[PDB]
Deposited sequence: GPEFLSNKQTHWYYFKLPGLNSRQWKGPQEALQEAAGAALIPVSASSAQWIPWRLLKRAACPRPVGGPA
């Protein structure tokens, strides 16, 4: 899994996350943005965070 800071494609003065991507595709990652929704965020609105370590 890759983890990302994200901005929403249609808003955004603050970075959100980092969040674990649920899936990756060409030019976008599927990011949880609420308790009931995920959004395909284009790369230009993502920053790759370091992966956290299992406990």
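Discussion item. Where does the structure fail to cover the deposited sequence at the C-alpha level?
Written reply: Going by the record, the segments left unmodelled (no C-alpha atoms) fall at 1-9, 21, 66-69.
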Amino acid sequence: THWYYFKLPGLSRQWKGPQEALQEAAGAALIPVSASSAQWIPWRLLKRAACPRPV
From here on, numbers count along this sequence of modelled residues.
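Worksheet entry | Higher-scoring stretch by recorded Cα B factor average, 30-38 or 14-22 | Mean CA B-factor is higher for 30-38.
Discussion item. Splitting the chain's C-alpha B-factors into thirds, which one does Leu8 fall into?
Written reply: Within its chain, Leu8 is a highest-third residue by C-alpha B-factor, going by the deposited values.
Worksheet item: Would the CA B-factor of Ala50 place it in the lowest, middle or highest third of its chain?
Response: Within its chain, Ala50 is a middle-third residue by C-alpha B-factor, going by the deposited values.
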